[PDB]
file structure.pdb (PDB, C-alpha atoms and all ligand atoms)
ATOM      1  CA  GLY F 211     116.597  86.864  92.052  1.00  0.00           C
ATOM      2  CA  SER F 212     117.269  86.462  94.988  1.00  0.00           C
ATOM      3  CA  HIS F 213     114.456  89.083  95.476  1.00  0.00           C
ATOM      4  CA  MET F 214     112.395  87.489  92.672  1.00  0.00           C
ATOM      5  CA  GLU F 215     112.258  83.825  93.813  1.00  0.00           C
ATOM      6  CA  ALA F 216     110.582  84.904  97.085  1.00  0.00           C
ATOM      7  CA  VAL F 217     108.019  86.951  95.032  1.00  0.00           C
ATOM      8  CA  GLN F 218     107.398  83.994  92.689  1.00  0.00           C
ATOM      9  CA  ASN F 219     106.836  81.712  95.706  1.00  0.00           C
ATOM     10  CA  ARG F 220     104.224  84.130  97.030  1.00  0.00           C
ATOM     11  CA  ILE F 221     102.507  84.335  93.652  1.00  0.00           C
ATOM     12  CA  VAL F 222     102.220  80.558  93.343  1.00  0.00           C
ATOM     13  CA  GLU F 223     101.022  80.164  96.944  1.00  0.00           C
ATOM     14  CA  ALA F 224      98.362  82.888  96.519  1.00  0.00           C
ATOM     15  CA  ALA F 225      97.109  81.391  93.279  1.00  0.00           C
ATOM     16  CA  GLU F 226      96.956  77.809  94.564  1.00  0.00           C
ATOM     17  CA  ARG F 227      94.711  78.927  97.469  1.00  0.00           C
ATOM     18  CA  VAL F 228      91.953  80.172  95.087  1.00  0.00           C
ATOM     19  CA  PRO F 229      89.036  77.764  94.673  1.00  0.00           C
ATOM     20  CA  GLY F 230      89.317  75.699  91.482  1.00  0.00           C
ATOM     21  CA  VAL F 231      93.015  76.204  90.789  1.00  0.00           C
ATOM     22  CA  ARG F 232      94.733  72.868  89.992  1.00  0.00           C
ATOM     23  CA  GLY F 233      98.310  74.005  90.186  1.00  0.00           C
ATOM     24  CA  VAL F 234     100.254  76.796  88.565  1.00  0.00           C
ATOM     25  CA  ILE F 235     101.463  75.413  85.233  1.00  0.00           C
ATOM     26  CA  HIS F 236     103.577  78.419  84.246  1.00  0.00           C
ATOM     27  CA  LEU F 237     104.657  81.717  85.775  1.00  0.00           C
ATOM     28  CA  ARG F 238     106.888  84.363  84.222  1.00  0.00           C
ATOM     29  CA  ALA F 239     107.506  87.440  86.373  1.00  0.00           C
ATOM     30  CA  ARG F 240     109.717  90.394  85.553  1.00  0.00           C
ATOM     31  CA  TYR F 241     110.645  93.702  87.132  1.00  0.00           C
ATOM     32  CA  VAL F 242     109.499  96.858  85.346  1.00  0.00           C
ATOM     33  CA  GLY F 243     111.272  99.351  87.550  1.00  0.00           C
ATOM     34  CA  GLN F 244     110.265  98.406  91.100  1.00  0.00           C
ATOM     35  CA  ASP F 245     106.999  96.906  89.850  1.00  0.00           C
ATOM     36  CA  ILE F 246     106.297  93.300  88.905  1.00  0.00           C
ATOM     37  CA  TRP F 247     104.578  92.357  85.671  1.00  0.00           C
ATOM     38  CA  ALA F 248     103.651  88.688  85.385  1.00  0.00           C
ATOM     39  CA  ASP F 249     102.017  86.133  83.123  1.00  0.00           C
ATOM     40  CA  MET F 250     100.539  82.891  84.576  1.00  0.00           C
ATOM     41  CA  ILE F 251      98.787  79.722  83.437  1.00  0.00           C
ATOM     42  CA  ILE F 252      96.736  77.783  85.952  1.00  0.00           C
ATOM     43  CA  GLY F 253      95.297  74.283  85.726  1.00  0.00           C
ATOM     44  CA  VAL F 254      91.542  73.816  86.055  1.00  0.00           C
ATOM     45  CA  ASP F 255      89.025  70.968  86.062  1.00  0.00           C
ATOM     46  CA  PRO F 256      88.481  69.956  82.339  1.00  0.00           C
ATOM     47  CA  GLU F 257      84.772  69.729  82.979  1.00  0.00           C
ATOM     48  CA  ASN F 258      84.438  73.305  84.347  1.00  0.00           C
ATOM     49  CA  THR F 259      82.754  75.544  81.778  1.00  0.00           C
ATOM     50  CA  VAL F 260      84.735  78.193  79.892  1.00  0.00           C
ATOM     51  CA  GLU F 261      82.755  80.780  81.900  1.00  0.00           C
ATOM     52  CA  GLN F 262      83.793  79.133  85.208  1.00  0.00           C
ATOM     53  CA  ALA F 263      87.415  78.927  84.076  1.00  0.00           C
ATOM     54  CA  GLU F 264      87.390  82.646  83.267  1.00  0.00           C
ATOM     55  CA  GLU F 265      85.959  83.289  86.740  1.00  0.00           C
ATOM     56  CA  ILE F 266      88.741  81.303  88.354  1.00  0.00           C
ATOM     57  CA  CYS F 267      91.319  83.290  86.353  1.00  0.00           C
ATOM     58  CA  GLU F 268      89.738  86.554  87.486  1.00  0.00           C
ATOM     59  CA  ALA F 269      89.685  85.343  91.122  1.00  0.00           C
ATOM     60  CA  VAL F 270      93.404  84.445  90.854  1.00  0.00           C
ATOM     61  CA  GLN F 271      94.158  87.919  89.451  1.00  0.00           C
ATOM     62  CA  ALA F 272      92.327  89.509  92.388  1.00  0.00           C
ATOM     63  CA  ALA F 273      93.922  87.264  95.043  1.00  0.00           C
ATOM     64  CA  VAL F 274      97.474  87.611  93.747  1.00  0.00           C
ATOM     65  CA  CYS F 275      97.267  91.379  93.135  1.00  0.00           C
ATOM     66  CA  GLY F 276      95.649  91.805  96.543  1.00  0.00           C
ATOM     67  CA  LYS F 277      98.416  89.855  98.337  1.00  0.00           C
ATOM     68  CA  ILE F 278     101.493  91.125  96.453  1.00  0.00           C
ATOM     69  CA  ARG F 279     101.373  94.909  96.314  1.00  0.00           C
ATOM     70  CA  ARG F 280     104.286  95.326  93.898  1.00  0.00           C
ATOM     71  CA  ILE F 281     102.463  93.495  91.102  1.00  0.00           C
ATOM     72  CA  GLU F 282     101.099  96.101  88.638  1.00  0.00           C
ATOM     73  CA  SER F 283     100.183  93.734  85.790  1.00  0.00           C
ATOM     74  CA  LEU F 284      99.072  90.108  85.927  1.00  0.00           C
ATOM     75  CA  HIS F 285      97.632  88.033  83.077  1.00  0.00           C
ATOM     76  CA  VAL F 286      96.104  84.681  83.974  1.00  0.00           C
ATOM     77  CA  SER F 287      95.012  81.983  81.528  1.00  0.00           C
ATOM     78  CA  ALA F 288      93.768  78.448  82.123  1.00  0.00           C
ATOM     79  CA  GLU F 289      94.374  74.899  80.827  1.00  0.00           C
ATOM     80  CA  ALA F 290      92.567  71.629  81.591  1.00  0.00           C
ATOM     81  CA  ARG F 291      94.495  69.550  84.178  1.00  0.00           C
ATOM     82  CA  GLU F 292      93.702  66.141  85.741  1.00  0.00           C
TER      83      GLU F 292
ATOM     84  CA  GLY C 211     110.825 102.141 104.496  1.00  0.00           C
ATOM     85  CA  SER C 212     109.513 102.142 101.754  1.00  0.00           C
ATOM     86  CA  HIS C 213     110.548  98.408 101.809  1.00  0.00           C
ATOM     87  CA  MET C 214     109.640  98.142 105.518  1.00  0.00           C
ATOM     88  CA  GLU C 215     106.034  99.463 105.517  1.00  0.00           C
ATOM     89  CA  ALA C 216     105.019  96.699 103.066  1.00  0.00           C
ATOM     90  CA  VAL C 217     106.699  94.100 105.389  1.00  0.00           C
ATOM     91  CA  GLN C 218     104.953  95.574 108.453  1.00  0.00           C
ATOM     92  CA  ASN C 219     101.595  95.401 106.632  1.00  0.00           C
ATOM     93  CA  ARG C 220     102.184  91.717 105.924  1.00  0.00           C
ATOM     94  CA  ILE C 221     103.150  91.041 109.531  1.00  0.00           C
ATOM     95  CA  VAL C 222      99.991  92.660 110.891  1.00  0.00           C
ATOM     96  CA  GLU C 223      97.765  90.911 108.333  1.00  0.00           C
ATOM     97  CA  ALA C 224      99.314  87.491 109.097  1.00  0.00           C
ATOM     98  CA  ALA C 225      98.947  87.973 112.830  1.00  0.00           C
ATOM     99  CA  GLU C 226      95.346  89.205 112.690  1.00  0.00           C
ATOM    100  CA  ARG C 227      94.317  86.037 110.783  1.00  0.00           C
ATOM    101  CA  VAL C 228      95.390  83.736 113.679  1.00  0.00           C
ATOM    102  CA  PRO C 229      92.517  82.519 115.858  1.00  0.00           C
ATOM    103  CA  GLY C 230      92.183  84.551 119.065  1.00  0.00           C
ATOM    104  CA  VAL C 231      94.177  87.609 118.024  1.00  0.00           C
ATOM    105  CA  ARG C 232      92.286  90.837 118.873  1.00  0.00           C
ATOM    106  CA  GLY C 233      94.406  93.268 116.942  1.00  0.00           C
ATOM    107  CA  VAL C 234      98.098  94.006 116.845  1.00  0.00           C
ATOM    108  CA  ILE C 235      98.719  96.535 119.619  1.00  0.00           C
ATOM    109  CA  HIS C 236     102.393  97.153 118.841  1.00  0.00           C
ATOM    110  CA  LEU C 237     104.921  96.115 116.213  1.00  0.00           C
ATOM    111  CA  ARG C 238     108.564  97.146 115.975  1.00  0.00           C
ATOM    112  CA  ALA C 239     110.490  95.662 113.048  1.00  0.00           C
ATOM    113  CA  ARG C 240     114.084  96.343 112.099  1.00  0.00           C
ATOM    114  CA  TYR C 241     116.548  95.159 109.485  1.00  0.00           C
ATOM    115  CA  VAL C 242     119.545  93.163 110.707  1.00  0.00           C
ATOM    116  CA  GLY C 243     121.357  92.914 107.410  1.00  0.00           C
ATOM    117  CA  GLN C 244     118.753  91.599 104.961  1.00  0.00           C
ATOM    118  CA  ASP C 245     116.869  89.874 107.781  1.00  0.00           C
ATOM    119  CA  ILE C 246     113.973  91.227 109.823  1.00  0.00           C
ATOM    120  CA  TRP C 247     113.909  91.053 113.600  1.00  0.00           C
ATOM    121  CA  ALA C 248     110.611  92.076 115.175  1.00  0.00           C
ATOM    122  CA  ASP C 249     108.818  92.485 118.481  1.00  0.00           C
ATOM    123  CA  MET C 250     104.975  92.396 118.650  1.00  0.00           C
ATOM    124  CA  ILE C 251     102.163  92.707 121.181  1.00  0.00           C
ATOM    125  CA  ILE C 252      98.784  91.246 120.322  1.00  0.00           C
ATOM    126  CA  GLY C 253      95.427  91.742 122.010  1.00  0.00           C
ATOM    127  CA  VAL C 254      93.595  88.711 123.384  1.00  0.00           C
ATOM    128  CA  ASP C 255      90.317  87.931 125.143  1.00  0.00           C
ATOM    129  CA  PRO C 256      90.804  88.906 128.883  1.00  0.00           C
ATOM    130  CA  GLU C 257      89.064  85.722 129.905  1.00  0.00           C
ATOM    131  CA  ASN C 258      91.402  83.400 127.926  1.00  0.00           C
ATOM    132  CA  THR C 259      93.762  81.584 130.289  1.00  0.00           C
ATOM    133  CA  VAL C 260      97.456  82.489 130.445  1.00  0.00           C
ATOM    134  CA  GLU C 261      98.127  79.082 128.836  1.00  0.00           C
ATOM    135  CA  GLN C 262      95.740  79.884 125.939  1.00  0.00           C
ATOM    136  CA  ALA C 263      97.287  83.327 125.495  1.00  0.00           C
ATOM    137  CA  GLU C 264     100.747  81.760 125.257  1.00  0.00           C
ATOM    138  CA  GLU C 265      99.367  79.356 122.641  1.00  0.00           C
ATOM    139  CA  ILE C 266      97.994  82.225 120.598  1.00  0.00           C
ATOM    140  CA  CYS C 267     101.385  83.975 120.778  1.00  0.00           C
ATOM    141  CA  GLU C 268     103.124  80.811 119.598  1.00  0.00           C
ATOM    142  CA  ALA C 269     100.592  80.403 116.749  1.00  0.00           C
ATOM    143  CA  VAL C 270     101.234  84.031 115.688  1.00  0.00           C
ATOM    144  CA  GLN C 271     105.001  83.388 115.713  1.00  0.00           C
ATOM    145  CA  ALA C 272     104.502  80.339 113.486  1.00  0.00           C
ATOM    146  CA  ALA C 273     102.071  82.061 111.086  1.00  0.00           C
ATOM    147  CA  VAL C 274     104.128  85.225 110.672  1.00  0.00           C
ATOM    148  CA  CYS C 275     107.484  83.430 110.324  1.00  0.00           C
ATOM    149  CA  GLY C 276     105.883  80.989 107.897  1.00  0.00           C
ATOM    150  CA  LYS C 277     104.462  83.781 105.693  1.00  0.00           C
ATOM    151  CA  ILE C 278     107.374  86.261 105.752  1.00  0.00           C
ATOM    152  CA  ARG C 279     110.580  84.410 104.950  1.00  0.00           C
ATOM    153  CA  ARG C 280     112.933  87.291 105.760  1.00  0.00           C
ATOM    154  CA  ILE C 281     111.906  87.336 109.425  1.00  0.00           C
ATOM    155  CA  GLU C 282     114.642  85.590 111.471  1.00  0.00           C
ATOM    156  CA  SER C 283     113.498  86.667 114.947  1.00  0.00           C
ATOM    157  CA  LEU C 284     109.998  87.406 116.215  1.00  0.00           C
ATOM    158  CA  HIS C 285     108.919  87.903 119.833  1.00  0.00           C
ATOM    159  CA  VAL C 286     105.194  87.965 120.538  1.00  0.00           C
ATOM    160  CA  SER C 287     103.544  88.947 123.820  1.00  0.00           C
ATOM    161  CA  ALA C 288      99.887  89.413 124.719  1.00  0.00           C
ATOM    162  CA  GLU C 289      97.637  91.932 126.517  1.00  0.00           C
ATOM    163  CA  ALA C 290      93.939  91.755 127.430  1.00  0.00           C
ATOM    164  CA  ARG C 291      91.792  93.697 124.909  1.00  0.00           C
ATOM    165  CA  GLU C 292      88.000  94.235 124.744  1.00  0.00           C
TER     166      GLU C 292
HETATM  167 CL    CL M 301     111.724  93.928  99.150  1.00  0.00          CL
END
call {"tool": "encode", "arguments": {"input": "structure.pdb", "output": "C-alpha cells", "more": "lines below"}}
Ligand SMILES: [Cl-]
result
Amino acid sequence: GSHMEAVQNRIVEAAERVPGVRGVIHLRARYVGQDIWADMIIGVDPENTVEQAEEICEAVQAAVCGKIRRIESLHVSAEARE
Amino acid sequence: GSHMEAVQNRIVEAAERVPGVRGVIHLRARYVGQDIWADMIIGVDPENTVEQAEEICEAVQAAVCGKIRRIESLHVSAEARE
C-alpha cells in the first residue's frame, strides 16, 4: 500500500473538510476483500458538547463514505484537541 | 472497469464543482500503465469570453489533477452549453 496510502490520504482529506474536525488523530484502514474497513479518531473543540461531538463524528462518517465508495465500514470517535 | 468507472465518476464530480462548468459533455480516460490519461470536454456559458473559457478549462485541469493522483495527463476543452 501502494493502493492503500492513496485511500488513506483521501480519507483524511475528506474528514478534515467536515465542520468541527480538528485533525485526524488516528486512522487504521484495512482491506476486507476489495472493500475498506476503517477506524478513525478525530479531534474536536473541548468545549463542544458530547451531543455536538457525536454529530461531527456522524458527519465525518457520511462525508468519508460518500467520497470513498470502497469503504464499507467506518467507525469514528472523537477526542478533545486544542 | 470496474476500477475505471469509479475513477471516471471522480473526474466528473471534480470537474462539475469548478466555477463555470456546465456539465461534462465528454470524458475518455485510459490506463497508461498504472497512470490515467484523459481527454474531457466541458460545457460553459456561451456568453463567457474565450479567455474566461480557457481559464475554466485550466481550473478544471488543476482541480481534477489535484483530486485524482493517478491522472498524469488531462486535456480539457470547452463548448457553449445552455
Ligand atoms: Cl483502484
call {"tool": "closest_atom_pairs", "arguments": {"input": "structure.pdb", "of": "chain C", "to": "chain F", "cutoff": "10 Å", "atoms": "only C-alpha atoms", "output": "Markdown table"}}
result
| residue | atom | partner | partner_atom | distance |
| --- | --- | --- | --- | --- |
| C:216 | CA | F:279 | CA | 7.9 |
| C:220 | CA | F:277 | CA | 8.7 |
| C:277 | CA | F:220 | CA | 8.7 |
| C:278 | CA | F:216 | CA | 9.3 |
| C:279 | CA | F:216 | CA | 7.9 |
| C:280 | CA | F:216 | CA | 9.3 |
call {"tool": "resolve_selection", "arguments": {"input": "structure.pdb", "expression": "the PyMOL selection byres (((chain F and resi 267) around 9) and not hetatm)", "output": "number ranges by chain"}}
result
F: 231, 251-252, 262-266, 268-272, 285-288
call {"tool": "resolve_selection", "arguments": {"input": "structure.pdb", "expression": "the PyMOL selection byres (((chain F and resi 290) around 7) and not hetatm)", "output": "PDB file with C-alpha atoms, in the frame of the given file"}}
result
ATOM      1  CA  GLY F 253      95.297  74.283  85.726  1.00  0.00           C
ATOM      2  CA  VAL F 254      91.542  73.816  86.055  1.00  0.00           C
ATOM      3  CA  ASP F 255      89.025  70.968  86.062  1.00  0.00           C
ATOM      4  CA  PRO F 256      88.481  69.956  82.339  1.00  0.00           C
ATOM      5  CA  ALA F 288      93.768  78.448  82.123  1.00  0.00           C
ATOM      6  CA  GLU F 289      94.374  74.899  80.827  1.00  0.00           C
ATOM      7  CA  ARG F 291      94.495  69.550  84.178  1.00  0.00           C
ATOM      8  CA  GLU F 292      93.702  66.141  85.741  1.00  0.00           C
TER       9      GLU F 292
END
call {"tool": "residues_near_ligand", "arguments": {"input": "structure.pdb", "ligand": "ligand CL 301 (chain M)", "cutoff": "10 Å", "atoms": "all atoms listed in the file", "output": "PyMOL selection string"}}
result
(chain F and resi 213-214+216-217+244+280) or (chain C and resi 211-214+216-217+244+280)
call {"tool": "closest_residue", "arguments": {"input": "structure.pdb", "among": "C:221, C:226, C:260, C:273", "to": "residue C:246", "atoms": "only C-alpha atoms"}}
result
C:221
call {"tool": "atom_distance", "arguments": {"input": "structure.pdb", "atom1": "atom CA of residue C:250", "atom2": "atom CA of residue C:274"}}
result
10.8 Å
call {"tool": "resolve_selection", "arguments": {"input": "structure.pdb", "expression": "the PyMOL selection byres (((chain F and resi 283) around 10) and not hetatm)", "output": "list in words"}}
result
residues 239, 242, 245, 246, 247, 248, 249, 271, 275, 280, 281, 282, 284 and 285 of chain F
call {"tool": "atom_distance", "arguments": {"input": "structure.pdb", "atom1": "atom CA of residue C:234", "atom2": "atom CA of residue C:219"}}
result
10.9 Å
call {"tool": "axis_aligned_box", "arguments": {"input": "structure.pdb", "around": "stretch 242-258 of chain C", "padding_each_side": "5 Å", "output": "AutoDock Vina command-line options"}}
result
--center_x 105.2 --center_y 88.3 --center_z 117.4 --size_x 42.3 --size_y 19.8 --size_z 34.9
call {"tool": "atom_distance", "arguments": {"input": "structure.pdb", "atom1": "atom CA of residue F:233", "atom2": "atom CA of residue F:257"}}
result
15.9 Å
call {"tool": "decode", "arguments": {"input": "structure.pdb", "residues": "stretch 227-241 of chain C", "atoms": "N, CA, C and O atoms", "output": "JSON list (two decimals), in the first residue's frame"}}
result
[["chain", "number", "residue", "atom", "x", "y", "z"],
["C", 227, "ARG", "N", -17.66, 20.59, -9.97],
["C", 227, "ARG", "CA", -17.54, 21.51, -8.82],
["C", 227, "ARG", "C", -16.71, 22.76, -9.07],
["C", 227, "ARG", "O", -16.65, 23.62, -8.19],
["C", 228, "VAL", "N", -16.12, 22.91, -10.26],
["C", 228, "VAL", "CA", -15.31, 24.09, -10.62],
["C", 228, "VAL", "C", -16.22, 25.18, -11.14],
["C", 228, "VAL", "O", -17.06, 24.92, -11.99],
["C", 229, "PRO", "N", -16.10, 26.41, -10.58],
["C", 229, "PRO", "CA", -16.92, 27.50, -11.08],
["C", 229, "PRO", "C", -16.93, 27.66, -12.61],
["C", 229, "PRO", "O", -15.87, 27.72, -13.24],
["C", 230, "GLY", "N", -18.14, 27.66, -13.18],
["C", 230, "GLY", "CA", -18.36, 27.95, -14.58],
["C", 230, "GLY", "C", -18.47, 26.70, -15.46],
["C", 230, "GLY", "O", -18.75, 26.81, -16.64],
["C", 231, "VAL", "N", -18.30, 25.53, -14.86],
["C", 231, "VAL", "CA", -18.53, 24.30, -15.61],
["C", 231, "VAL", "C", -20.05, 24.02, -15.66],
["C", 231, "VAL", "O", -20.72, 23.93, -14.61],
["C", 232, "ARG", "N", -20.56, 23.90, -16.88],
["C", 232, "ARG", "CA", -21.94, 23.47, -17.15],
["C", 232, "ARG", "C", -21.92, 22.06, -17.74],
["C", 232, "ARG", "O", -22.15, 21.83, -18.94],
["C", 233, "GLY", "N", -21.62, 21.12, -16.87],
["C", 233, "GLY", "CA", -21.65, 19.72, -17.19],
["C", 233, "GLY", "C", -20.38, 19.29, -17.89],
["C", 233, "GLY", "O", -19.66, 20.08, -18.49],
["C", 234, "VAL", "N", -20.09, 18.00, -17.74],
["C", 234, "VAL", "CA", -19.08, 17.32, -18.55],
["C", 234, "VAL", "C", -19.79, 16.71, -19.75],
["C", 234, "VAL", "O", -20.69, 15.88, -19.59],
["C", 235, "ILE", "N", -19.42, 17.18, -20.95],
["C", 235, "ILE", "CA", -20.03, 16.73, -22.18],
["C", 235, "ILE", "C", -19.46, 15.38, -22.64],
["C", 235, "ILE", "O", -20.18, 14.52, -23.15],
["C", 236, "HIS", "N", -18.16, 15.24, -22.45],
["C", 236, "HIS", "CA", -17.41, 14.06, -22.90],
["C", 236, "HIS", "C", -16.23, 13.82, -21.98],
["C", 236, "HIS", "O", -15.53, 14.76, -21.60],
["C", 237, "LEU", "N", -15.97, 12.54, -21.70],
["C", 237, "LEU", "CA", -14.76, 12.14, -20.98],
["C", 237, "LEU", "C", -14.30, 10.80, -21.52],
["C", 237, "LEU", "O", -15.06, 9.82, -21.49],
["C", 238, "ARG", "N", -13.05, 10.75, -21.96],
["C", 238, "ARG", "CA", -12.41, 9.49, -22.33],
["C", 238, "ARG", "C", -11.17, 9.35, -21.48],
["C", 238, "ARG", "O", -10.28, 10.19, -21.53],
["C", 239, "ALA", "N", -11.12, 8.28, -20.68],
["C", 239, "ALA", "CA", -9.99, 8.02, -19.79],
["C", 239, "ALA", "C", -9.43, 6.66, -20.10],
["C", 239, "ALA", "O", -10.18, 5.74, -20.35],
["C", 240, "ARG", "N", -8.11, 6.54, -20.08],
["C", 240, "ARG", "CA", -7.47, 5.26, -20.36],
["C", 240, "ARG", "C", -6.28, 5.06, -19.46],
["C", 240, "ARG", "O", -5.61, 6.03, -19.10],
["C", 241, "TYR", "N", -5.98, 3.80, -19.16],
["C", 241, "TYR", "CA", -4.79, 3.47, -18.38],
["C", 241, "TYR", "C", -3.58, 3.43, -19.30],
["C", 241, "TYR", "O", -3.64, 2.86, -20.39]]
